[PDB]
Amino acid sequence: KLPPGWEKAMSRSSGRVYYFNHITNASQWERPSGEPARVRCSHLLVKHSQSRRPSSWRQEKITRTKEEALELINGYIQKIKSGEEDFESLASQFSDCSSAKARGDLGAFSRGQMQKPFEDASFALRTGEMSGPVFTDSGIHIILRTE
Ligand SMILES: O=C(O)[C@@H]1Cc2ccccc2N1
């Protein structure tokens with residue numbers, strides 16, 4: 001039927017069908033379109049108190065809760081989707097990963113190098129697509145596949 005990870009769902013507020021990807025946590029109204037050794041991704045990481053290392057270049061001690069981190073991620077996705085802010089701008093300013101200094105770019109990578117939920121989401125994205133919240137031991141990520 002649909003490309004890997006994608007399913008149909010019904011909107012509770014509007015009753016209109018939409019599409020959801022259970023690997024990337026992406027969701028959208030439009031029906032999704034139509035695997036490589038390597039993909040290239042950027043990300044925006046929001047850490048929280050249960051991250052494996054609750055510290056980053058932004059904050060020596062990261063104290064926010066998992067739920068507060070998810071709300072921040074949700075807000076950044078809204079601003080990216082509305083076009084009020086670019087992904088790169090938000091990653092440079094607010095990602096708790098040192099890759100913030102390269103607009104969130106992680107370069108190319110293959111399967112077997114990254115944490116599994118990040119890897120799985122990265123490889124299920126098509127070039128140009130963006131994930132919803134992706135949960136790892138580091139924190140919560142927004143992932144943008146660039147190649
Ligand atoms: O560790 C991993 O594979 C994923 C990708 C990544 C990059 C930077 C910081 C945390 C993080 N989680």
# chains A, B, ... in the order shown; residues from 1 in each chain; ligands from 1
$ residues_near_ligand --ligand "ligand 1" --cutoff "8 Å" --atoms "only C-alpha atoms and all ligand atoms" --output "list in words"
residues 43, 45, 96, 97, 98, 99, 106, 113, 114, 115, 116, 118, 119, 136, 137, 138, 139 and 141 of chain A
$ write_last_selection --atoms "C-alpha atoms" --output "mmCIF file, in the first residue's frame"
data_model
loop_
_atom_site.group_PDB
_atom_site.id
_atom_site.type_symbol
_atom_site.label_atom_id
_atom_site.label_comp_id
_atom_site.auth_asym_id
_atom_site.auth_seq_id
_atom_site.Cartn_x
_atom_site.Cartn_y
_atom_site.Cartn_z
ATOM 1 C CA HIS A 43 19.119 17.135 13.741
ATOM 2 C CA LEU A 45 18.316 17.680 20.003
ATOM 3 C CA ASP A 96 21.777 20.533 22.784
ATOM 4 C CA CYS A 97 24.160 18.711 20.432
ATOM 5 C CA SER A 98 27.528 20.197 19.469
ATOM 6 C CA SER A 99 26.404 19.817 15.844
ATOM 7 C CA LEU A 106 25.843 15.173 11.231
ATOM 8 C CA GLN A 113 26.665 3.753 13.711
ATOM 9 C CA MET A 114 23.862 5.662 15.387
ATOM 10 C CA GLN A 115 21.455 4.841 18.195
ATOM 11 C CA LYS A 116 18.765 2.575 16.757
ATOM 12 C CA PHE A 118 17.680 7.680 15.330
ATOM 13 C CA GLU A 119 19.025 5.334 12.648
ATOM 14 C CA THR A 136 16.765 8.168 22.159
ATOM 15 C CA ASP A 137 18.902 7.887 25.264
ATOM 16 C CA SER A 138 20.354 11.309 24.361
ATOM 17 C CA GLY A 139 17.009 13.075 24.383
ATOM 18 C CA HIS A 141 15.353 14.769 18.207
#
$ residues_around --residues "stretch 22-31 of chain A" --least-positions-apart "4" --cutoff "12 Å" --atoms "only C-alpha atoms" --output "ChimeraX atom specification"
/A:1-11,14-18,74,77-78,81,116-126,129-135,140-145
$ write_last_selection --atoms "N, CA and C atoms" --output "compact mmCIF listing (two decimals), in the first residue's frame"
# COMPACT_ATOMS: atom_id res chain seq x y z
N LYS A 1 0.82 -1.21 0.00
CA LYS A 1 0.00 0.00 0.00
C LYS A 1 0.86 1.27 0.00
N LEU A 2 1.49 1.59 1.14
CA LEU A 2 2.19 2.84 1.38
C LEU A 2 3.67 2.61 1.70
N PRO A 3 4.51 3.63 1.57
CA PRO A 3 5.95 3.47 1.80
C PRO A 3 6.25 3.12 3.25
N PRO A 4 7.48 2.66 3.53
CA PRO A 4 7.76 2.05 4.84
C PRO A 4 7.45 2.95 6.02
N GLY A 5 6.67 2.41 6.97
CA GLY A 5 6.33 3.09 8.20
C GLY A 5 5.02 3.85 8.17
N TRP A 6 4.45 4.09 7.00
CA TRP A 6 3.30 4.97 6.85
C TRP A 6 1.99 4.22 7.02
N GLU A 7 1.03 4.86 7.69
CA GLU A 7 -0.31 4.34 7.85
C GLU A 7 -1.32 5.48 7.72
N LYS A 8 -2.57 5.11 7.47
CA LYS A 8 -3.68 6.05 7.50
C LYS A 8 -4.21 6.22 8.92
N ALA A 9 -4.70 7.41 9.20
CA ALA A 9 -5.35 7.66 10.48
C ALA A 9 -6.47 8.67 10.24
N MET A 10 -7.30 8.86 11.26
CA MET A 10 -8.36 9.85 11.20
C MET A 10 -8.09 10.96 12.20
N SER A 11 -8.27 12.18 11.72
CA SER A 11 -8.14 13.35 12.61
C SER A 11 -9.32 13.34 13.58
N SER A 14 -11.09 17.12 12.93
CA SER A 14 -11.67 17.44 11.63
C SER A 14 -12.33 16.26 10.93
N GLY A 15 -12.09 15.03 11.37
CA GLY A 15 -12.60 13.87 10.66
C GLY A 15 -11.94 13.58 9.33
N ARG A 16 -10.95 14.36 8.91
CA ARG A 16 -10.33 14.11 7.63
C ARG A 16 -9.17 13.13 7.82
N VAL A 17 -8.96 12.28 6.82
CA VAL A 17 -7.88 11.30 6.93
C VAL A 17 -6.54 12.01 6.82
N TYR A 18 -5.52 11.44 7.46
CA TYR A 18 -4.17 11.96 7.35
C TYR A 18 -3.23 10.76 7.35
N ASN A 74 7.92 19.97 20.13
CA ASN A 74 6.66 20.21 19.44
C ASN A 74 6.57 21.65 18.94
N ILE A 77 8.82 22.16 15.85
CA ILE A 77 8.21 21.59 14.66
C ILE A 77 7.11 22.51 14.12
N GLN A 78 6.28 23.08 15.00
CA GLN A 78 5.24 24.00 14.52
C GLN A 78 5.85 25.19 13.79
N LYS A 81 7.19 24.02 10.40
CA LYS A 81 6.12 23.70 9.45
C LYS A 81 5.38 24.94 8.98
N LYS A 116 19.76 3.20 17.63
CA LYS A 116 18.77 2.58 16.76
C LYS A 116 17.53 3.41 16.42
N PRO A 117 16.85 4.07 17.36
CA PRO A 117 15.68 4.88 16.95
C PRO A 117 16.05 6.02 16.02
N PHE A 118 17.22 6.63 16.23
CA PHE A 118 17.68 7.68 15.33
C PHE A 118 17.98 7.10 13.95
N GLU A 119 18.72 5.99 13.91
CA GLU A 119 19.03 5.33 12.65
C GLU A 119 17.75 4.94 11.91
N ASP A 120 16.81 4.31 12.61
CA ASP A 120 15.60 3.83 11.94
C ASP A 120 14.82 5.00 11.35
N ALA A 121 14.68 6.08 12.12
CA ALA A 121 13.98 7.25 11.62
C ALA A 121 14.74 7.87 10.45
N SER A 122 16.07 7.96 10.57
CA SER A 122 16.86 8.58 9.50
C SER A 122 16.70 7.83 8.18
N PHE A 123 16.73 6.50 8.21
CA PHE A 123 16.64 5.73 6.97
C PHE A 123 15.22 5.62 6.43
N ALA A 124 14.19 5.85 7.24
CA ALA A 124 12.83 5.86 6.72
C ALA A 124 12.43 7.20 6.16
N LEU A 125 13.22 8.24 6.38
CA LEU A 125 12.96 9.54 5.79
C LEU A 125 13.40 9.49 4.33
N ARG A 126 12.65 10.13 3.45
CA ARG A 126 13.13 10.37 2.09
C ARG A 126 13.94 11.67 2.10
N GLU A 129 12.77 15.13 3.63
CA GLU A 129 11.73 14.95 4.64
C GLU A 129 12.26 15.15 6.06
N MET A 130 11.31 15.40 6.97
CA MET A 130 11.62 15.69 8.35
C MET A 130 10.80 14.78 9.26
N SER A 131 11.41 14.39 10.37
CA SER A 131 10.75 13.51 11.32
C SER A 131 9.87 14.31 12.29
N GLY A 132 9.02 13.60 13.03
CA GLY A 132 8.47 14.14 14.25
C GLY A 132 9.46 13.89 15.38
N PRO A 133 8.98 13.92 16.62
CA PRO A 133 9.87 13.63 17.75
C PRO A 133 10.38 12.20 17.69
N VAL A 134 11.70 12.06 17.80
CA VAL A 134 12.39 10.77 17.80
C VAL A 134 13.11 10.64 19.13
N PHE A 135 12.82 9.56 19.87
CA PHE A 135 13.28 9.41 21.24
C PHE A 135 14.50 8.51 21.27
N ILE A 140 15.37 13.98 22.86
CA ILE A 140 14.37 13.99 21.80
C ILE A 140 14.92 14.76 20.61
N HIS A 141 14.75 14.20 19.41
CA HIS A 141 15.35 14.77 18.21
C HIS A 141 14.27 15.17 17.20
N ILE A 142 14.57 16.21 16.41
CA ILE A 142 13.96 16.42 15.10
C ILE A 142 15.05 16.14 14.08
N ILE A 143 14.75 15.28 13.11
CA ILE A 143 15.73 14.85 12.11
C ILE A 143 15.28 15.33 10.74
N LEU A 144 16.23 15.92 9.99
CA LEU A 144 16.03 16.36 8.62
C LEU A 144 16.99 15.58 7.74
N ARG A 145 16.47 14.83 6.78
CA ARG A 145 17.33 14.08 5.88
C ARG A 145 17.73 14.97 4.71
$ closest_residue --among "A:54, A:112, A:83, A:128" --to "residue A:40" --atoms "only C-alpha atoms"
A:128
$ residues_around --residues "residue A:69" --least-positions-apart "2" --cutoff "8 Å" --atoms "only C-alpha atoms" --output "list in words"
residues 46, 47, 48, 64, 65, 66, 67, 71, 72, 73 and 140 of chain A
$ write_last_selection --atoms "N, CA and C atoms" --output "PDB file, in the first residue's frame"
ATOM      1  N   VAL A  46      16.863  18.107  21.897  1.00  0.00           N
ATOM      2  CA  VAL A  46      16.507  18.758  23.146  1.00  0.00           C
ATOM      3  C   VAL A  46      16.707  17.710  24.228  1.00  0.00           C
ATOM      4  N   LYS A  47      17.681  17.961  25.099  1.00  0.00           N
ATOM      5  CA  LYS A  47      17.961  17.068  26.207  1.00  0.00           C
ATOM      6  C   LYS A  47      16.985  17.316  27.350  1.00  0.00           C
ATOM      7  N   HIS A  48      17.026  16.419  28.334  1.00  0.00           N
ATOM      8  CA  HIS A  48      16.191  16.522  29.517  1.00  0.00           C
ATOM      9  C   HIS A  48      16.913  15.808  30.656  1.00  0.00           C
ATOM     10  N   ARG A  64      15.445  20.395  32.739  1.00  0.00           N
ATOM     11  CA  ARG A  64      14.082  20.278  32.239  1.00  0.00           C
ATOM     12  C   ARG A  64      13.632  18.818  32.199  1.00  0.00           C
ATOM     13  N   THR A  65      12.325  18.626  32.353  1.00  0.00           N
ATOM     14  CA  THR A  65      11.710  17.310  32.315  1.00  0.00           C
ATOM     15  C   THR A  65      11.535  16.810  30.883  1.00  0.00           C
ATOM     16  N   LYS A  66      11.491  15.481  30.741  1.00  0.00           N
ATOM     17  CA  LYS A  66      11.145  14.801  29.497  1.00  0.00           C
ATOM     18  C   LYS A  66       9.942  15.457  28.830  1.00  0.00           C
ATOM     19  N   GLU A  67       8.922  15.777  29.632  1.00  0.00           N
ATOM     20  CA  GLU A  67       7.697  16.342  29.082  1.00  0.00           C
ATOM     21  C   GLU A  67       7.914  17.778  28.614  1.00  0.00           C
ATOM     22  N   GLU A  71       7.597  19.272  24.743  1.00  0.00           N
ATOM     23  CA  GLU A  71       6.849  20.470  24.382  1.00  0.00           C
ATOM     24  C   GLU A  71       7.707  21.413  23.547  1.00  0.00           C
ATOM     25  N   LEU A  72       8.985  21.552  23.904  1.00  0.00           N
ATOM     26  CA  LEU A  72       9.894  22.391  23.121  1.00  0.00           C
ATOM     27  C   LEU A  72      10.052  21.845  21.709  1.00  0.00           C
ATOM     28  N   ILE A  73      10.285  20.537  21.596  1.00  0.00           N
ATOM     29  CA  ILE A  73      10.352  19.890  20.288  1.00  0.00           C
ATOM     30  C   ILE A  73       9.078  20.145  19.493  1.00  0.00           C
ATOM     31  N   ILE A 140      15.374  13.982  22.856  1.00  0.00           N
ATOM     32  CA  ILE A 140      14.366  13.987  21.797  1.00  0.00           C
ATOM     33  C   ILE A 140      14.920  14.761  20.609  1.00  0.00           C
TER      34      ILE A 140
END
$ select_by_dssp --residues "stretch 7-116 of chain A" --states "helix (DSSP H, G or I)" --output "JSON, numbers by chain"
{"A": [66, 67, 68, 69, 70, 71, 72, 73, 74, 75, 76, 77, 78, 79, 80, 81, 82, 87, 88, 89, 90, 91, 92, 93, 94, 98, 99, 100, 101, 102, 116]}
